[PDB]
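What follows is the content of input_9.txt, which has compact mmCIF, C-alpha atoms:
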```
# COMPACT_ATOMS: atom_id res chain seq x y z
CA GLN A 3 21.29 8.37 -5.48
CA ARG A 4 18.21 9.41 -3.50
CA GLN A 5 18.80 10.56 0.07
CA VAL A 6 16.67 9.55 3.06
CA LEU A 7 17.39 11.27 6.38
CA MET A 8 16.36 9.08 9.32
CA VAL A 9 15.89 10.99 12.58
CA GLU A 10 15.93 8.22 15.16
CA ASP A 11 17.71 8.15 18.50
CA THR A 12 17.37 4.40 19.15
CA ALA A 13 20.44 3.12 17.32
CA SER A 14 19.15 -0.46 16.96
CA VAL A 15 15.87 0.73 15.41
CA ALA A 16 17.69 3.06 13.01
CA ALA A 17 19.97 0.19 11.94
CA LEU A 18 17.01 -2.16 11.50
CA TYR A 19 15.04 0.33 9.42
CA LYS A 20 18.07 1.17 7.30
CA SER A 21 18.52 -2.55 6.59
CA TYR A 22 14.85 -2.76 5.55
CA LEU A 23 15.60 -0.16 2.87
CA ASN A 24 18.55 -2.05 1.33
CA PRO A 25 16.61 -3.28 -1.75
CA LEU A 26 15.86 0.33 -2.72
CA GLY A 27 19.52 1.30 -3.20
CA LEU A 28 19.27 4.63 -1.36
CA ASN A 29 21.70 6.79 0.57
CA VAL A 30 20.27 6.58 4.11
CA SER A 31 21.74 8.96 6.70
CA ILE A 32 20.96 8.40 10.39
CA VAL A 33 20.97 11.20 12.97
CA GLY A 34 19.90 10.95 16.57
CA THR A 35 18.98 14.51 17.54
CA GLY A 36 16.92 17.33 16.17
CA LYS A 37 20.04 19.50 16.15
CA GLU A 38 21.88 17.06 13.87
CA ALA A 39 18.84 16.65 11.61
CA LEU A 40 18.53 20.41 11.11
CA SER A 41 22.30 20.73 10.60
CA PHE A 42 22.11 18.04 7.91
CA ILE A 43 19.24 19.81 6.14
CA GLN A 44 21.16 23.13 6.06
CA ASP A 45 23.62 21.41 3.71
CA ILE A 46 21.61 18.70 1.94
CA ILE A 47 17.85 18.75 1.38
CA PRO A 48 16.90 15.05 1.49
CA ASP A 49 14.37 13.42 -0.75
CA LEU A 50 12.54 12.14 2.35
CA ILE A 51 12.76 12.63 6.12
CA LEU A 52 11.71 9.80 8.43
CA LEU A 53 11.12 11.53 11.75
CA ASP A 54 10.64 9.86 15.13
CA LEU A 55 8.40 11.88 17.46
CA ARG A 56 10.67 11.13 20.44
CA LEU A 57 14.17 12.66 20.49
CA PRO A 58 16.63 13.61 23.26
CA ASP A 59 17.06 17.35 22.58
CA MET A 60 13.65 18.52 21.30
CA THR A 61 10.36 16.98 20.27
CA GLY A 62 9.68 15.61 16.82
CA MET A 63 6.99 18.27 16.44
CA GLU A 64 9.65 20.93 17.06
CA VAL A 65 11.86 19.39 14.37
CA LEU A 66 8.93 19.41 11.95
CA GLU A 67 8.20 23.06 12.77
CA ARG A 68 11.82 24.05 12.17
CA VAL A 69 11.98 22.07 8.91
CA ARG A 70 8.79 23.59 7.54
CA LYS A 71 9.90 27.13 8.43
CA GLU A 72 12.54 26.86 5.68
CA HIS A 73 11.51 23.86 3.58
CA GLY A 74 7.94 23.56 2.41
CA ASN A 75 8.31 20.68 -0.04
CA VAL A 76 10.55 18.03 1.52
CA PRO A 77 8.35 15.03 2.44
CA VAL A 78 8.23 14.09 6.12
CA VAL A 79 6.90 10.75 7.38
CA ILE A 80 6.39 10.57 11.16
CA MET A 81 7.33 7.41 13.09
CA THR A 82 5.15 6.97 16.16
CA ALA A 83 4.25 4.47 18.87
CA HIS A 84 0.57 3.64 19.58
CA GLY A 85 0.64 6.07 22.48
CA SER A 86 1.41 9.12 20.33
CA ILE A 87 -1.20 8.83 17.57
CA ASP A 88 -2.51 12.10 18.97
CA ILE A 89 0.80 13.79 18.15
CA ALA A 90 1.09 12.03 14.77
CA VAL A 91 -2.31 13.42 13.74
CA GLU A 92 -1.27 16.91 14.81
CA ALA A 93 1.96 16.48 12.81
CA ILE A 94 -0.04 15.72 9.64
CA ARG A 95 -2.17 18.80 10.29
CA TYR A 96 0.98 20.89 10.65
CA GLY A 97 2.69 19.71 7.48
CA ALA A 98 3.84 16.09 7.52
CA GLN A 99 2.74 13.67 4.80
CA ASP A 100 1.99 10.42 6.66
CA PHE A 101 2.70 8.59 9.89
CA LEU A 102 3.92 5.01 10.41
CA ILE A 103 2.90 3.07 13.49
CA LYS A 104 5.87 1.45 15.21
CA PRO A 105 7.07 -1.22 15.29
CA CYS A 106 7.40 -1.21 11.52
CA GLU A 107 7.96 -4.18 9.25
CA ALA A 108 10.27 -4.24 6.24
CA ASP A 109 7.66 -4.30 3.51
CA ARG A 110 5.50 -1.54 5.00
CA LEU A 111 8.57 0.69 5.37
CA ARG A 112 9.80 0.00 1.83
CA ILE A 113 6.36 0.72 0.34
CA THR A 114 6.06 3.97 2.27
CA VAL A 115 9.54 5.11 1.22
CA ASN A 116 9.16 4.06 -2.41
CA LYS A 117 5.76 5.77 -2.67
CA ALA A 118 7.09 8.94 -1.07
CA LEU A 119 10.06 9.13 -3.45
CA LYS A 120 8.12 8.40 -6.66
CA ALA A 121 5.31 10.83 -5.76
CA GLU A 122 7.96 13.58 -5.69
CA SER A 123 10.04 12.60 -8.75
CA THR A 127 5.84 7.46 -13.06
CA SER A 128 3.67 4.94 -11.18
CA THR A 129 -0.06 4.80 -10.43
CA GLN A 130 -1.15 7.83 -8.39
CA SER A 131 -1.33 7.47 -4.60
CA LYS A 132 -2.51 9.49 -1.56
CA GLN A 133 -2.33 9.20 2.25
CA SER A 134 -5.27 6.82 2.71
CA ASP A 135 -3.60 4.44 0.24
CA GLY A 136 -0.86 3.85 2.80
CA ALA A 137 -0.06 0.25 3.63
CA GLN A 138 -1.19 0.27 7.24
CA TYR A 139 -4.64 1.74 6.37
CA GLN A 140 -5.16 -1.12 3.92
CA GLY A 141 -4.34 -3.66 6.64
CA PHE A 142 -0.75 -4.33 5.60
CA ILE A 143 0.76 -4.05 9.11
CA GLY A 144 1.46 -6.45 11.97
CA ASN A 145 3.46 -9.60 12.61
CA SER A 146 0.85 -12.32 13.20
CA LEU A 147 2.09 -15.71 11.99
CA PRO A 148 -0.27 -15.60 8.95
CA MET A 149 1.19 -12.24 7.93
CA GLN A 150 4.74 -13.48 8.52
CA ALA A 151 3.99 -16.17 5.93
CA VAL A 152 2.97 -13.49 3.46
CA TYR A 153 6.12 -11.49 4.11
CA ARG A 154 8.22 -14.63 3.58
CA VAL A 155 6.76 -15.26 0.14
CA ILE A 156 7.13 -11.61 -0.85
CA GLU A 157 10.82 -11.71 0.04
CA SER A 158 11.54 -14.93 -1.84
CA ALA A 159 9.42 -14.00 -4.90
CA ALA A 160 10.33 -10.34 -5.27
CA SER A 161 13.68 -11.03 -6.92
CA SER A 162 12.21 -13.54 -9.43
CA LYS A 163 10.46 -12.48 -12.62
CA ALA A 164 7.83 -15.18 -12.02
CA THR A 165 4.21 -14.06 -11.98
CA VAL A 166 2.67 -13.65 -8.52
CA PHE A 167 -0.99 -14.68 -8.17
CA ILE A 168 -2.68 -13.13 -5.11
CA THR A 169 -5.95 -14.34 -3.58
CA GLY A 170 -7.88 -13.21 -0.52
CA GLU A 171 -11.16 -11.63 0.48
CA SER A 172 -11.97 -8.04 -0.43
CA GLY A 173 -10.12 -5.64 1.82
CA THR A 174 -7.34 -7.93 3.00
CA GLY A 175 -4.28 -6.08 1.59
CA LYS A 176 -3.87 -7.72 -1.83
CA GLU A 177 -3.04 -4.52 -3.73
CA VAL A 178 -0.51 -3.45 -1.11
CA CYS A 179 1.03 -6.93 -1.34
CA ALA A 180 1.71 -6.24 -5.03
CA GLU A 181 3.37 -2.93 -4.08
CA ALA A 182 5.55 -4.84 -1.59
CA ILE A 183 6.71 -7.20 -4.35
CA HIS A 184 7.64 -4.24 -6.52
CA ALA A 185 9.51 -2.38 -3.76
CA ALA A 186 11.54 -5.48 -2.82
CA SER A 187 12.31 -6.33 -6.48
CA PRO A 188 15.16 -5.05 -8.67
CA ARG A 189 12.42 -3.19 -10.59
CA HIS A 190 11.67 -1.01 -7.56
CA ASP A 191 12.85 2.15 -9.33
CA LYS A 192 10.83 1.41 -12.47
CA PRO A 193 7.08 2.02 -12.78
CA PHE A 194 4.45 0.21 -10.74
CA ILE A 195 1.15 0.24 -12.63
CA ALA A 196 -2.07 -1.14 -11.14
CA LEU A 197 -5.13 -1.62 -13.32
CA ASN A 198 -8.31 -2.57 -11.48
CA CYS A 199 -10.35 -4.63 -13.93
CA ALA A 200 -13.61 -4.04 -12.07
CA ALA A 201 -13.15 -0.24 -11.95
CA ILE A 202 -13.12 0.09 -15.78
CA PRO A 203 -16.14 -0.61 -18.02
CA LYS A 204 -15.85 -3.52 -20.43
CA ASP A 205 -15.99 -1.32 -23.50
CA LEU A 206 -12.84 0.52 -22.31
CA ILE A 207 -10.64 -2.00 -20.45
CA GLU A 208 -8.86 -3.27 -23.58
CA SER A 209 -7.96 0.34 -24.33
CA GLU A 210 -6.95 0.95 -20.70
CA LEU A 211 -4.70 -2.10 -20.79
CA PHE A 212 -3.16 -1.89 -24.28
CA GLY A 213 -3.59 1.77 -25.29
CA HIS A 214 -5.26 3.14 -28.38
CA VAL A 215 -4.45 5.23 -31.42
CA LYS A 216 -6.18 8.46 -32.44
CA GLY A 217 -9.76 7.87 -33.52
CA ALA A 218 -9.76 4.29 -32.24
CA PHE A 219 -13.40 4.79 -31.18
CA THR A 220 -16.02 7.50 -30.70
CA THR A 224 -5.43 10.69 -29.61
CA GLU A 225 -2.81 7.91 -29.25
CA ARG A 226 -2.98 7.18 -25.52
CA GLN A 227 -0.57 4.89 -23.69
CA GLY A 228 -2.02 1.79 -22.04
CA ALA A 229 -1.04 0.18 -18.73
CA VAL A 230 1.34 -2.27 -20.42
CA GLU A 231 3.34 0.59 -21.92
CA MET A 232 3.31 2.62 -18.70
CA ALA A 233 4.62 -0.46 -16.89
CA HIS A 234 7.53 -1.14 -19.26
CA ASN A 235 10.63 -2.41 -17.37
CA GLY A 236 8.54 -2.36 -14.18
CA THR A 237 5.63 -4.23 -12.59
CA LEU A 238 2.09 -4.50 -13.94
CA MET A 239 -0.58 -5.41 -11.40
CA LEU A 240 -3.93 -6.70 -12.75
CA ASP A 241 -6.32 -6.29 -9.81
CA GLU A 242 -9.74 -8.03 -9.71
CA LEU A 243 -8.56 -9.99 -12.71
CA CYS A 244 -11.46 -12.43 -12.78
CA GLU A 245 -13.73 -9.53 -13.79
CA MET A 246 -12.02 -9.44 -17.21
CA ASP A 247 -14.14 -10.81 -20.06
CA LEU A 248 -13.15 -13.92 -22.03
CA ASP A 249 -12.28 -12.00 -25.22
CA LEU A 250 -9.81 -9.74 -23.39
CA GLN A 251 -8.47 -12.74 -21.46
CA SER A 252 -7.40 -14.28 -24.76
CA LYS A 253 -5.50 -11.10 -25.66
CA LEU A 254 -3.94 -11.02 -22.19
CA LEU A 255 -2.76 -14.63 -22.55
CA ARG A 256 -1.15 -13.77 -25.88
CA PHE A 257 0.58 -10.78 -24.28
CA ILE A 258 1.89 -12.89 -21.37
CA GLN A 259 3.20 -15.57 -23.72
CA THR A 260 4.74 -13.33 -26.39
CA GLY A 261 5.26 -9.97 -24.69
CA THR A 262 3.51 -8.52 -27.78
CA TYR A 263 0.29 -6.51 -28.04
CA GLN A 264 -1.65 -4.13 -30.28
CA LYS A 265 -3.02 -0.75 -29.34
CA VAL A 266 -6.78 -0.49 -29.79
CA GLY A 267 -7.54 0.66 -33.32
CA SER A 268 -4.12 -0.31 -34.69
CA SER A 269 -2.73 -3.43 -36.32
CA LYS A 270 0.84 -2.39 -35.50
CA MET A 271 2.63 -4.78 -33.16
CA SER A 272 4.28 -3.50 -30.00
CA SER A 273 6.21 -5.16 -27.20
CA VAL A 274 7.14 -4.36 -23.59
CA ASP A 275 8.94 -6.11 -20.71
CA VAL A 276 6.77 -6.30 -17.56
CA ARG A 277 6.75 -8.44 -14.43
CA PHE A 278 3.16 -9.52 -13.70
CA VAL A 279 1.26 -9.58 -10.45
CA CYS A 280 -2.44 -10.28 -10.34
CA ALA A 281 -5.12 -10.53 -7.70
CA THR A 282 -8.68 -11.78 -7.39
CA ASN A 283 -11.18 -12.05 -4.57
CA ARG A 284 -12.78 -14.99 -6.36
CA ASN A 285 -11.89 -18.66 -6.17
CA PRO A 286 -9.90 -18.75 -9.42
CA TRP A 287 -10.21 -22.47 -10.00
CA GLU A 288 -13.97 -22.21 -9.47
CA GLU A 289 -14.02 -19.44 -12.10
CA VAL A 290 -12.25 -21.82 -14.49
CA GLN A 291 -14.67 -24.67 -13.70
CA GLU A 292 -17.67 -22.39 -14.32
CA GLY A 293 -16.25 -21.29 -17.69
CA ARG A 294 -15.71 -17.65 -16.63
CA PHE A 295 -11.89 -17.74 -16.68
CA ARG A 296 -9.68 -19.35 -19.32
CA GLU A 297 -7.95 -22.48 -18.04
CA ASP A 298 -4.80 -21.77 -20.10
CA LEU A 299 -4.66 -18.25 -18.70
CA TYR A 300 -5.03 -19.59 -15.16
CA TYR A 301 -2.09 -21.95 -15.56
CA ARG A 302 -0.02 -19.26 -17.25
CA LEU A 303 -0.54 -16.86 -14.32
CA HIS A 304 -0.75 -19.17 -11.28
CA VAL A 305 2.99 -19.46 -10.72
CA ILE A 306 3.85 -17.98 -7.30
CA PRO A 307 0.60 -17.97 -5.26
CA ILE A 308 0.07 -15.71 -2.25
CA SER A 309 -3.03 -16.02 -0.04
CA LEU A 310 -3.84 -13.04 2.17
CA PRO A 311 -5.34 -14.09 5.51
CA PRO A 312 -8.61 -12.43 6.54
CA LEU A 313 -8.72 -10.23 9.63
CA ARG A 314 -10.39 -12.98 11.66
CA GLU A 315 -7.23 -15.12 11.29
CA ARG A 316 -4.72 -12.38 12.15
CA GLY A 317 -4.96 -12.22 15.95
CA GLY A 318 -3.55 -8.99 17.35
CA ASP A 319 -2.94 -7.36 13.96
CA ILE A 320 -6.43 -5.85 14.21
CA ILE A 321 -5.25 -3.61 17.10
CA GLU A 322 -2.53 -2.09 14.87
CA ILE A 323 -4.80 -1.55 11.88
CA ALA A 324 -7.47 -0.04 14.13
CA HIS A 325 -4.98 2.43 15.59
CA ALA A 326 -3.82 3.48 12.13
CA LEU A 327 -7.41 3.92 10.97
CA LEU A 328 -8.41 5.88 14.08
CA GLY A 329 -5.76 8.45 13.18
CA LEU A 330 -6.79 8.45 9.52
CA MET A 331 -10.47 8.91 10.32
CA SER A 332 -9.73 11.68 12.83
CA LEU A 333 -7.85 13.48 10.05
CA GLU A 334 -10.60 12.88 7.47
CA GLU A 335 -13.49 13.89 9.74
CA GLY A 336 -11.91 16.74 11.70
CA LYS A 337 -11.76 14.99 15.08
CA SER A 338 -9.01 14.19 17.62
CA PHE A 339 -9.43 10.55 18.61
CA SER A 340 -6.18 8.85 19.49
CA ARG A 341 -6.91 5.76 21.61
CA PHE A 342 -9.30 2.88 22.28
CA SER A 343 -10.28 1.62 25.69
CA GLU A 344 -9.08 -1.88 26.50
CA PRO A 345 -12.65 -3.30 26.54
CA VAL A 346 -13.18 -1.85 23.04
CA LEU A 347 -9.99 -3.49 21.81
CA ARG A 348 -11.02 -6.82 23.36
CA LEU A 349 -14.35 -6.56 21.54
CA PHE A 350 -12.61 -5.73 18.24
CA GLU A 351 -10.50 -8.84 18.74
CA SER A 352 -13.48 -11.13 19.30
CA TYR A 353 -15.51 -9.90 16.32
CA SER A 354 -14.84 -11.76 13.09
CA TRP A 355 -14.93 -8.72 10.71
CA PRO A 356 -16.66 -10.39 7.73
CA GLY A 357 -15.98 -7.24 5.69
CA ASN A 358 -12.33 -7.20 6.75
CA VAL A 359 -10.49 -3.86 6.45
CA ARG A 360 -13.34 -2.02 4.71
CA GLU A 361 -15.72 -2.96 7.53
CA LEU A 362 -13.13 -1.92 10.11
CA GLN A 363 -12.74 1.44 8.33
CA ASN A 364 -16.52 1.89 8.22
CA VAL A 365 -16.99 1.11 11.92
CA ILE A 366 -14.20 3.47 13.00
CA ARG A 367 -15.45 6.23 10.67
CA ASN A 368 -18.97 5.84 12.10
CA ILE A 369 -17.60 6.18 15.65
CA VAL A 370 -15.48 9.21 14.76
CA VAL A 371 -18.36 10.98 12.97
CA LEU A 372 -20.89 10.36 15.75
CA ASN A 373 -18.68 11.12 18.79
CA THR A 374 -16.24 13.77 20.01
CA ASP A 375 -13.68 12.34 22.45
CA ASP A 376 -10.02 11.48 22.63
CA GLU A 377 -10.90 7.83 23.42
CA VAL A 378 -13.23 5.28 21.81
CA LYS A 379 -15.40 3.77 24.56
CA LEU A 380 -17.69 0.74 24.65
CA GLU A 381 -20.86 2.89 24.54
CA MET A 382 -19.76 4.15 21.09
CA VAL A 383 -19.38 0.71 19.48
CA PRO A 384 -22.23 -0.07 17.02
CA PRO A 385 -24.07 -3.31 16.40
CA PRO A 386 -23.27 -5.92 15.31
CA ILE A 387 -19.96 -5.59 17.17
CA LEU A 388 -22.05 -5.20 20.31
```

Could you spell out this file's structure in structure tokens?
Amino acid sequence: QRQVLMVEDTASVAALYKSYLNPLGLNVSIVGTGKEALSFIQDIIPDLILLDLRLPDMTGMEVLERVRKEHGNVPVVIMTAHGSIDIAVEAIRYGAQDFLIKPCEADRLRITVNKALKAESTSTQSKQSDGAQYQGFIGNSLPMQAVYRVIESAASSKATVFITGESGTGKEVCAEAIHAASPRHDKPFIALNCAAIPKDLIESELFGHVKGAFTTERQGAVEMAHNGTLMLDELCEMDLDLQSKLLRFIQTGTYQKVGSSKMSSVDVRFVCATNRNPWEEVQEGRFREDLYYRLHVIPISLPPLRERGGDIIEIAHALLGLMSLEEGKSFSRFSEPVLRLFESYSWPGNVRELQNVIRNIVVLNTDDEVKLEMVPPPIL
């Protein structure tokens, strides 16, 4: 059983976060001081440390320093309030793997923990900027609460989940949430983006191929995903010929590797996503109607940023830390007039536009605080 050490001196928060992790079937140990965390580690090296920056006997940075003096590999995820993004960024620079903005929600914590444990000891590869909060999957606006509700109900079912929403609204992270809350959480999570692959290769990427299939026997997504979750992202980009083979695979669980006539089978739970209107794609003859009704079982609609109220403040704070790290700067807060302006703007490009705007600010300015004079058009 994997071990997570939670260094958290607020007992109610530690209990809440431990309850969030219940679906993952882990051994979670709570300590409330740096002394007790370091004592634990002398005996048992955990598979992950969740480390609050604020502790009664020493700072979280001091814990991190003392851990890294003897343990260079154990993953550390920092838990921080808005007010300590400056310290969270310095913690990453010193040797921590990611930071989580508090308060945290159940799905975001499960995704972060599951990704940190699988990265160490096989799912689709992941890095820091792939973290849930940077993709917009953070906050407790009513529209997001509706998403979390469906994830919780659906995760335990094998029924296919069909995710819609504009580009950059959190659809891929929503699929990771389903996986982490499901009984398949410890099995592979495989995401294939159907737009990211050329058409002459996507059948091979999905179903594998044998040696000399086209100008050695490689394993496709369906095989990598066996007993786990297969996510088909940007699914409406798939061509009609491949759609017919996908429908056959969904119905029968059977497939052929490219270049082979041999029949193979796997057991996957399906999630898919599109930023198109899927029924419109059916009406226009671009998407098979039978495939639509086969897949459109448990629908989830991600709300755009303009419908999510105060969530934008949380995402912006996460991204300010991420862009400071990426661009070698030390921004850690926004002025209140900047935040008011971010709340009034409708973000037509959703999280990608938010990332762009914050990156532009961080590249062009050197400050600890984002001020109104830094905000580009068309925001102001």

query = Separation of CA of residue 101 (chain A) and CA of residue 49 (chain A), in Å?
reply =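 Interatomic distance, CA of residue 101 (chain A) to CA of residue 49 (chain A): 16.5 Å.
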
request  = Check the smallest atom-to-atom distance from each of A:23, A:248, A:186, A:378 to residue 208 (chain A) using all atoms listed in the file, then report the winner.
outcome  =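 That would be A:248, the residue with the smallest distance to residue 208 (chain A).
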
key: Coordinates-based distance that separates CA of residue 146 (chain A) from CA of residue 18 (chain A) (Å, one decimal)   =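 That distance, rounded to one decimal, is 19.2 Å.
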
request  = Tell me, in Å to one decimal, how far CA of residue 50 (chain A) is from CA of residue 7 (chain A).
outcome  = 6.4 Å

task = With only C-alpha atoms counted, which protein, DNA or RNA residues have an atom no more than 12 Å from (-2.6, 2.9, -19.5) in the file frame? Please answer as a count of residues only.
result = 34

How close does each residue of region 53-171 of chain A get to region 296-313 of chain A, giving the shortest atom pair and distance in Å to one decimal for every residue with an atom at most 9 Å away, counting all atoms listed in the file, sorted by chain and residue number, as CSV?
```
residue,atom,partner,partner_atom,distance
A:141,CA,A:313,CA,8.4
A:148,CA,A:311,CA,6.3
A:149,CA,A:311,CA,7.2
A:152,CA,A:308,CA,6.8
A:155,CA,A:308,CA,7.1
A:156,CA,A:308,CA,8.3
A:159,CA,A:306,CA,7.3
A:164,CA,A:305,CA,6.6
A:165,CA,A:305,CA,5.7
A:166,CA,A:306,CA,4.7
A:167,CA,A:307,CA,4.7
A:168,CA,A:308,CA,4.7
A:169,CA,A:309,CA,4.9
A:170,CA,A:310,CA,4.9
A:171,CA,A:312,CA,6.6
```

Could you save those same residues with C-alpha atoms as a PDB file, keeping the file's coordinate frame?
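Writing the result to part13.pdb gives the following:
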```
ATOM      1  CA  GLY A 141      -4.340  -3.660   6.640  1.00  0.00           C
ATOM      2  CA  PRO A 148      -0.270 -15.600   8.950  1.00  0.00           C
ATOM      3  CA  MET A 149       1.190 -12.240   7.930  1.00  0.00           C
ATOM      4  CA  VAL A 152       2.970 -13.490   3.460  1.00  0.00           C
ATOM      5  CA  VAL A 155       6.760 -15.260   0.140  1.00  0.00           C
ATOM      6  CA  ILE A 156       7.130 -11.610  -0.850  1.00  0.00           C
ATOM      7  CA  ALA A 159       9.420 -14.000  -4.900  1.00  0.00           C
ATOM      8  CA  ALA A 164       7.830 -15.180 -12.020  1.00  0.00           C
ATOM      9  CA  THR A 165       4.210 -14.060 -11.980  1.00  0.00           C
ATOM     10  CA  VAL A 166       2.670 -13.650  -8.520  1.00  0.00           C
ATOM     11  CA  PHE A 167      -0.990 -14.680  -8.170  1.00  0.00           C
ATOM     12  CA  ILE A 168      -2.680 -13.130  -5.110  1.00  0.00           C
ATOM     13  CA  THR A 169      -5.950 -14.340  -3.580  1.00  0.00           C
ATOM     14  CA  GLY A 170      -7.880 -13.210  -0.520  1.00  0.00           C
ATOM     15  CA  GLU A 171     -11.160 -11.630   0.480  1.00  0.00           C
TER      16      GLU A 171
END
```

query = If we count all atoms listed in the file, what is near residue 262 (chain A) at a cut-off of 9 Å, once residues fewer than 2 positions away on the same chain are taken out, given as a PyMOL selection string?
reply = chain A and resi 256-260+264+271-274

Using all atoms of region 311-328 of chain A listed in the file and a margin of 8 Å per side, can you give the axis-aligned box centre and edge lengths in Å to one decimal, as AutoDock Vina command-line options?
```
--center_x -6.5 --center_y -4.6 --center_z 11.4 --size_x 23.9 --size_y 37.0 --size_z 27.8
```

Spatial neighbours of residue 329 (chain A), 7 Å, only C-alpha atoms, chain gap at least 6 places, as a PyMOL selection string = chain A and resi 87+91+339-340

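Distance annotation: of A:322, A:144, A:179, A:317, the residue with the minimal separation from residue 354 (chain A) is A:317; atom set is only C-alpha atoms.
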
Among listed residues A:97, A:267, A:105, A:58, nearest residue 83 (chain A) (using all atoms listed in the file) =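 Among the listed residues, A:105 lies closest to residue 83 (chain A).
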
message = Excluding residue 366 (chain A) and its own-chain neighbours fewer than 5 positions away, which residues fall within 9 Å of it when counting only C-alpha atoms? Please give them as a list in words.
response =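 Here the answer would be residues 324, 327, 328, 331, 361, 371 and 383 of chain A.
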
query = Given the choices A:132, A:204, A:68, A:184, which gets closest to residue 44 (chain A) if the distance is worked out from all atoms listed in the file?
reply =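 Going through A:132, A:204, A:68, A:184 one by one, the smallest distance to residue 44 (chain A) is for A:68.
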
query = Taking into account only C-alpha atoms, which residue in the set A:237, A:176, A:375, A:203 is nearest to residue 283 (chain A)?
reply =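 With only C-alpha atoms as the atom set, the closest residue is A:176.
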
inquiry  = Using only C-alpha atoms, can you tell me which of A:347, A:119, A:94, A:108 comes closest to residue 334 (chain A)?
reply    = A:94
